[PDB]
Amino acid sequence: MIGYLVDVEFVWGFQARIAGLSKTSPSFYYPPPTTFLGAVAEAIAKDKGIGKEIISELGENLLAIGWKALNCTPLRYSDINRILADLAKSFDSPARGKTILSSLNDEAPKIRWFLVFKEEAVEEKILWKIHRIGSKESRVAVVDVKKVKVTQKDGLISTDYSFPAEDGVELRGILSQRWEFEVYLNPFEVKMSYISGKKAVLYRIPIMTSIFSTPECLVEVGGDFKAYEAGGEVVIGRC
Amino acid sequence: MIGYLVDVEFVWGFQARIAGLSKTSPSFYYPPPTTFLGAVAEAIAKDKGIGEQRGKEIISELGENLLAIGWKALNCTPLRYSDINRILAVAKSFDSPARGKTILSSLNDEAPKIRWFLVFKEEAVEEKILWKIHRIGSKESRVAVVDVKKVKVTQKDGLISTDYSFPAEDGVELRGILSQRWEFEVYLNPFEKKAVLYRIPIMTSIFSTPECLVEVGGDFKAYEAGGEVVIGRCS
């Protein structure tokens with residue numbers, strides 16, 4: 001097992017047009033996990049040549065992928081166009097999956113990802129080379145990467161990272177507020193039942209309402225799922 | 001003597017922290033005129049084909065050569081963070097880092113576009129430099145220039161109709177609004193007396209383009225190129 005903590009600073013936000021697919025939510029608070037994985041895959045491909053291919057390789061080795069805002073709150077264009085109040089734009093809009101990340105302080109908006117792999121699946125240096133997550137316009141800079149040893153746990157844990165919400169994972173209590181729901185393409189590939197190899201996965205995602213309050217919850221984890229811990233950082237993934 | 005039409009696409013909107021100044025409005029529907037001219041100046045300063053000292057002189061003369069600067073949305077409406085934040089409060093804390101920050105949303109969900117119409121006493125900047133503007137406001141206020149036209153302008157006074165923003169100062173009088181909406185906004189004075197009040201068009205419907213009839217005389221004049229009409233100063 002090996003974990004990576006990756007801090008990513010966004011210029012403005014992102015667009016992930018897979019919001020247009022029937023499986024996924026019709027808009028996104030956060031970049032989908034397959035979108036983040038696609039960026040890793042692209043960075044790996046460039047540092048070589050050419051499909052890929054590689055994204056499915058990452059998915060086969062992936063045990064967990066969770067994320068949390070460090071200093072920002074998402075503002076979906078669906079929220080924006082609503083405040084501004086026609087709606088053929090609810091179907092296949094050019095701006096589908098486009099979301100602004102509003103900083104709560106004077107820094108650029110930042111999100112931290114915590115990925116866990118069955119073994120070392122990517123050169124640490126490569127992670128530093130991610131320049132977009134989502135569309136061409138969704139520009140970012142990676143500002144920290146840390147490779148960590150993780151411990152596998154089950155039972156009751158606390159987490160401030162997003163997590164898949166399938167049978168075996170139970171949100172027992174919200175400790176600090178704003179945990180939304182969002183449906184993504186499943187990032188887990190199989191070379192194992194409730195996460196199996198279904199096409200879509202339901203996640204609970206934290207939404208920060210104040211620079212000082214990180215959303216947190218107590219979660220019971222069993223069945224096909226485990227919690228992976230490195231120091232205070234805990235992310236829920238599959239066994 | 002010479003005009004530029006510049007069509008700019010925005011990624012998301014802009015932030016102009018000069019909203020923090022007591023001389024300007026506390027929030028902005030549009031990027032301020034000095035903010036747009038500030039972008040032109042940066043483009044000049046960064047251009048390797050223009051010598052350091054020559055570039056400085058050119059920049060120093062922008063305000064003096066400026067006769068008119070007006071703008072209008074082509075397909076979009078602004079939403080100021082002050083409005084977004086008042087709601088989210090379930091705001092002062094939210095507004096602090098958001099000073100002068102505004103989202104642009106397109107009526108057709110395409111990239112929001114704004115057109116500037118500038119008029120100068122002489123050819124104050126090479127056309128190619130206008131194409132190189134990549135932000136207007138903060139460094140995160142990313143844009144792309146998608147059209148630039150240099151045009152001859154004719155100077156008029158009396159009664160004109162315009163769909164561009166205009167300075168709403170002594171000597172310029174609204175005769176009547178033809179189509180809504182027209183807001184007020186106070187900016188730093190881009191000419192050459194600190195701060196200027198502008199009328200600015202706000203596109204609210206897919207059915208009408210903001211338009212009004214204005215009486216212009218005195219120190220102010222209208223500059224026209226084809227259908228485009230912008231009010232600015234005399235000389």
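Residues numbered from 1 in each chain as written, not as in the entry; some residues may be left out. Chains lettered and ligands numbered in written order. Heavy atoms only, no water. Residues with missing side-chain atoms left out of burial classes, pairs and counts.

For this deposited structure, the header cites X-ray crystallography as the method used and 1.953 Å as the resolution.

Per the PDB entry, the recorded name for chain B is CRISPR protein, and the organism is Archaeoglobus fulgidus. For this structure, the PDB header gives the title as "Crystal structure of a CRISPR protein from Archaeoglobus fulgidus".

Looking up chain A in the PDB entry gives the name CRISPR protein, with the organism given as Archaeoglobus fulgidus.

Undergrad: What is the right way to look at the pairing of strand β3 (residues 62–69) of chain A in this model?
TA: Regular strands have side chains that alternate between both faces of the sheet. All names here are of chain A. The buried fraction of β3 is high, at 8 of 8 residues. Where β3 lies against strand β6 (residues 110–117), 7 bridges are found, and the strand directions are antiparallel. Its bridge partner being in β6, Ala69 is matched across the sheet by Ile111. (Buried < 20%, exposed > 50% of the residue type's maximum accessible area, 1.4 Å probe, protein only. Helix = DSSP H or I, 4+ residues; strand = E, 2+ residues; numbered from the N terminus. Pairing = 2+ DSSP bridges.)

Undergrad: Sorry, what's going on with helix α2 (residues 54–61) of chain A here?
TA: An α-helix turns once per 3.6 residues; consequently, residues spaced three or four apart project the same way. Residue and element names in this part refer to chain A. All of the buried residues along α2 are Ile54, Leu58 and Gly59. The arc that holds every buried residue of α2, seen down its axis, measures 145°, which confines them to one face. Buried residues along α2 sit in contact with α1 (33–46), β3, β6 and β16 (233–238). (Arc of directions from axis to C-beta. Contact = heavy atoms within 4.5 Å.)

Undergrad: It is not clear to me how the sheet that holds strand β15 (residues 220–225) of chain B should be interpreted in this structure. Could you clarify?
TA: The strands that make up a sheet pair up through hydrogen bonds in the backbone, lying either parallel or antiparallel. All names here are of chain B. The 3 strands are arranged β8-β15-β16 in an open sheet whose pairing can be described as antiparallel. Edge positions in the sheet fall to β8 (154–156) and β16 (228–233), since each of these pairs with one other strand and no more. Averaged over all neighbouring strand pairs, the angle between strand axes comes to 35°, with direction disregarded. As judged from the 6 bridges shared by β15 and β16, these two strands associate in the antiparallel manner. Bridge pairing links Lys221 to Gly232 in β16. (Axes fitted to C-alpha atoms, helices over the stretch in contact; angles between N-to-C directions.)

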